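Below, in structure tokens: the form deposited in one PDB entry, a single chain.
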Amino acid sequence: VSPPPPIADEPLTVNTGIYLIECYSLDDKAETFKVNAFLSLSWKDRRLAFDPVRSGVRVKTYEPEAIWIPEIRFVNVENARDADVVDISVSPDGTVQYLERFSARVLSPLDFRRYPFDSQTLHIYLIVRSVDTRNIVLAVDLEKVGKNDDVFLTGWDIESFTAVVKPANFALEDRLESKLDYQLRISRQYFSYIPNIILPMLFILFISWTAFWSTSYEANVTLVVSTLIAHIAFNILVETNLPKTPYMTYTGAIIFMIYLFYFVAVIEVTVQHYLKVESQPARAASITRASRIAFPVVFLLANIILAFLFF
């Protein structure tokens, strides 16, 4: 089999469509997602044209091996898509309506800067390499681009699924290449983070600040050290569910900042005790009393600054 011959010198327009059946396994560390979807391809092949009056048939069904099919690939896939041809239907003018169901593990980078309050744009790049006889160009049939109402991505809200209608046509290894961008806009469900990580982490930080109402060095050491160990456990638990970004993330920034509050609490607790021993409790008293107001105020302002910078 060979590709359809051009009437003049025009390139072959292959009309595409992706209808998402299932969305699953969004790996944050791997920056991957698994997809089960329909892929619809359409092009005109004059060699397949027929008379609908004489044949008595409106549509002719073919096997993939029987007719010429354009080699459509995905750019950002781990391995080649697991595909099963659903249908091939030819119209009297020779317009082929190909349909296949596929599953793929797609690599799409993620922006963790606003985590866990971040939104993403997942991509699926459709590509066709032009042949020596004639150039192939991709198009979007919006009537055949969509998603199942039941499509659910665990811990994520699916906003939109659209395609950038204008293909990215470019030279690659002395042959033409037509690329299409299928974009899946999603937003993270941040709810669980609040009672599981954020609030527990804040409560333990506030427990550390009860040392501003104590003169017992021994007890203070125990408070700050313990609550600090709990914070380390949270910092680790958090960093396990995220990849190593070459930038600061919102959660990361907050967590880091909290480490400084623990350091300064240790210093306060230390200074207070040194002074108490040095028979200067009145001076120690002023520092402890100031800390009671300073620590919450500076914590609140630092957070307002941080939130402003990130959002």
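For clarity, a rigid core is taken as the largest C-alpha set superposing within 1.5 Å between two forms. All residue numbers refer to positions in the sequence shown, first residue = 1.
Missing here is the form deposited in another entry; even so, the following discussion is about that form.
- [ ] Would you mind telling me which residue of 197, 72, 140, 90 shifts its Cα by 2 Å or more between the shown form and the other one when the core is superposed?
- [x] With the rigid core superposed, the residue that stands out is 140.
Task: residue 176 and residue 145, C-alpha gap in that other deposited form relative to this structure (3 Å or more) - done: Farther, not closer.
- [ ] Explain in one word, closer or farther, how the Cα atoms of residue 39 and residue 137 are placed in that other deposited form relative to this form, where the distance changes by 3 Å or more.
- [x] Note: Cα gap between residue 39 and residue 137 shrinks in that other deposited form.
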